[PDB]
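Colleague: Number 584 marks the last residue of the sequence shown (my numbering); no jumps.
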Amino acid sequence: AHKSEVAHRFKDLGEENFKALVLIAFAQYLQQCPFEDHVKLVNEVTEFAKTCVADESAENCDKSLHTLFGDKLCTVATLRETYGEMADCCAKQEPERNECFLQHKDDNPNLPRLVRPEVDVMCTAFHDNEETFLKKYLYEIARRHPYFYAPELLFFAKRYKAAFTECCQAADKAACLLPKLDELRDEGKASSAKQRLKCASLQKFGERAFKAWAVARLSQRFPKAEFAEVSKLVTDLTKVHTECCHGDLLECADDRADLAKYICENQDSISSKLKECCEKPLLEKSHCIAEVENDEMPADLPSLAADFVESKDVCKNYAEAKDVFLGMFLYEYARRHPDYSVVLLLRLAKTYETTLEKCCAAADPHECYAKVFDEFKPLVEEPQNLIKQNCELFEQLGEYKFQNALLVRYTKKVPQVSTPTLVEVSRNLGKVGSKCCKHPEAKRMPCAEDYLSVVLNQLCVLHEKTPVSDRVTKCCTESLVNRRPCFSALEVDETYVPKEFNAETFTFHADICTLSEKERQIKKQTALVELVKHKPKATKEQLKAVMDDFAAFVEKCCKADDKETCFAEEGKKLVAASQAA
Ligand SMILES: COc1cc([C@@H]2c3cc4c(cc3[C@@H](O[C@@H]3O[C@@H]5CO[C@@H](c6cccs6)O[C@H]5[C@H](O)[C@H]3O)[C@H]3COC(=O)[C@H]23)OCO4)cc(OC)c1O
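(1) Just tell me which of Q106, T78, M125 has its CA closest to the CA of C93.
(2) Is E452 closer than 9 Å to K391 when the C-beta atoms are compared?
(3) Using a 10 Å radius around the Cβ and a threshold of 16 neighbouring Cβ atoms, would you call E254 buried or exposed?
(4) For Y142 and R188, I'd like the C-alpha separation in whole angstroms.
(5) In this structure, does DSSP put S289 in helix, strand or coil?
(6) Over what stretch of residues does the alpha helix (DSSP H) that includes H69 continue unbroken?
(7) For ligand 1, is there a heavy atom less than 8 Å away from the beta-carbon of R147?
(8) Cβ-heavy atom distance between residue 3 and ligand 1 below 8 Å?
(9) Thinking C-alpha only, which one of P368, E503, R220 is nearest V295?
(10) If we count the other Cβ atoms within 10 Å of its Cβ and call it buried at 16 or more, is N393 buried or exposed?
(11) I'd like to confirm something about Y140: is its beta-carbon nearer than 8 Å to some heavy atom of ligand 1, or not?
(12) Identify whether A580 lies in helix, strand or coil by the three-state DSSP scheme.
(13) Taking all protein chains shown into account, do 16 or more other C-beta atoms lie within 10 angstroms of the C-beta of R116, making it buried, or fewer, making it exposed?
(14) Quick check: what's the CA-CA separation for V56 versus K6?
(15) I need the boundaries of the alpha helix (DSSP H) containing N460, first residue and last residue.
(16) Determine the burial state of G401: buried for a count of at least 16 other Cβ atoms within 10 Å of its Cβ, exposed for fewer.
(17) Can you tell me the Cα-Cα spacing of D58 and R12, whole angstroms?
(18) In terms of residues, what are the limits of the alpha helix (DSSP H) holding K278?
(19) Take the Cβ of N101 as the centre, count every other Cβ of all protein chains shown within 10 Å, and call the residue buried at 16 or more, exposed below.
(20) Closest to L184 by C-alpha separation, out of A555, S289, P120, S437, would be which residue?
(21) Name the residue from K575, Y413, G191, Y334 whose alpha carbon lies nearest to the alpha carbon of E507.
(22) With distances taken between CB atoms, is the gap from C202 to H244 smaller than 9 Å?
(23) Does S289 pass the burial test, meaning 16 or more other C-beta atoms within 10 Å, or should it be called exposed?
(24) What separation, rounded to the nearest whole angstrom, lies between the Cα atoms of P112 and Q31?
(25) Measure the alpha-carbon distance for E558 versus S204 and round it to whole angstroms.
(26) Give the DSSP-derived three-state secondary structure of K95 in the structure shown.
(27) Is it true that the segment 425-443 meets the segment 397-412, where meeting means three or more beta-carbon pairs spaced less than 8 Å apart?
(28) Among the candidates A352, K521, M550, whose CA atom is the shortest distance from the CA of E378?
(29) Is it the case that the CB of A178 approaches a heavy atom of ligand 1 more closely than 8 Å?
(30) Determine the direct distance from the alpha carbon of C248 to that of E88, and round the result to whole angstroms.
(31) What is the residue span of the alpha helix (DSSP H) that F136 lies within?
(32) Can you look up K441 in the DSSP assignment and give me helix, strand or coil?
(33) Is the Cβ-Cβ distance between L16 and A260 less than 9 Å?
(34) From the DSSP output, in three-state form, read off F104 for me.
(35) Any heavy atom of ligand 1 inside 8 Å of the beta-carbon of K192?
(36) Does the Cβ of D564 have 16 or more other Cβ atoms within 10 Å, making it buried, or fewer, making it exposed?
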């Protein structure tokens, strides 16, 4: 164990990443804090760190990272008149102060939306103070996505700098810059959502859950790798994400680097597909390994019949070490099925487990578990059916109309759920259609069913903040593996009383003419959820009818005699038809 963890981390990560990482740590705890303040605090922490690196025996160098950093956040956070319910945390010591900070993370911060300035402007600000410009990027995303995988956020910042470096010297700056930022925005939302799930698993379902998940995913990725190796990897990788989720961002970054290093110094025993990745700079390398394509599986692997049903020691080995035996089954099953979703593999693993508990406590266990594998079959076919059906539906509806289809279906299921949430979740689910139906009906399952998990988790966590439907609460709390079926099983809420008619939520304005097409869509899908809430018995024929009116008048009013008052009479037409009763 090192004396002075801050020195140890400062030396290991180096100054630039140390600062960026603390800045992320601060913004993911204090999302409402202004930029300038966080930087000042990070600067002071970094000032102090250097003293400990110089001399580890100097005054506070032996304090934990959280004590040191926590004391530092609270200088601005103790302000109750500006931050409210967050010096709740500052009244505490470590570790309870940190436990407090983690539980006050807000998945939906009431934060001002980003202005996006002219390209001229951004590029000016970039050359002027390159370092501030990047911090301002780190800060904005971190406070908006308090679960962004911090090391990966350094990677994003780096791509972000790279974009401005390249495009700000381009002949056409806009034509170069914007697609890169558009890709970066999408890739970032995806990354954030994926990490929320890794964190929710750990924090709500425990380390054992995350491990099973990783064994499964890594086994599919590295099918030539031995179990001992995968287990080692699962271990390191869990230690890393546990750290990140628990707010130990420096150790997380460090331990992820060590890992990325291990992987590359052991390529020949992991995968044949890491060659290019391990030639990249640190951030890029680590990212590349993380998203690397599955290796080819060894040819002619045997069947699992021998070890997991036919051996005489199935019950012994099970009872002799249940977790490593299940890990093995899960490893052996996942290696051989990169075409199964990670969730399917966990279900089969869970089925095999529950089947051994029942059968090892039986007269003749082998006679009892002989069937087991046959029982996996309807579990495998079930996701296949849904994906087949949803992809046909998407193929004839397109992303947008497909999202609206989900918007209506999902609103009727759980109309207490908040409108912006319904809109976000349904729009994202629509993105499975685009991302996954694209693939041949044979790689679709991991893409489709693993991504829904990420999307269903967003719903779960956005709903957790201010819960309004016990049925969502139940599906989200029940298991993690049963989330999709539990949500699929939900029936239309006939118990729910229709919302009254608010005029403003159905009146539009001249500002809508200045929005992107995407925003306009979002604007209208927002109206649609509100429509269903106000008339849940409306028909598909009726709903899509009222839809095209919204569509048509936007067109006519964005052109007409003063666009502002134009949305207004349409507001007056709808208002009069409601008072009418
Ligand atoms: C991870 O990827 C994501 C990126 C973003 C957005 C985002 C989205 C974009 C974009 C730029 C930006 C940047 O926005 C700019 O951030 C700047 C940071 O740099 C500094 C400034 C320099 C000089 C004055 S301010 O200015 C800021 C701009 O105002 C702002 O638009 C990101 C920086 O931090 C964000 O949050 C921002 O071009 C078109 O699409 C949002 C996400 O979800 C909401 C997300 O997941």
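We treat Cβ as the ideally placed atom computed from N, Cα and C, and that holds for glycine.
Modeller: Quick answer:
(1) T78
(2) no
(3) buried
(4) 15 Å
(5) helix
(6) 68-80
(7) yes
(8) Given that the chain is displayed from residue 4 to residue 584, the structure contains no residue 3 and the question cannot be resolved.
(9) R220
(10) buried
(11) yes
(12) helix
(13) exposed
(14) 10 Å
(15) 447-468
(16) exposed
(17) 14 Å
(18) Per DSSP, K278 belongs to no alpha helix (DSSP H) and is neither H nor E.
(19) buried
(20) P120
(21) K575
(22) yes
(23) buried
(24) 11 Å
(25) 46 Å
(26) coil
(27) yes
(28) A352
(29) no
(30) 21 Å
(31) 133-147
(32) coil
(33) yes
(34) helix
(35) yes
(36) exposed
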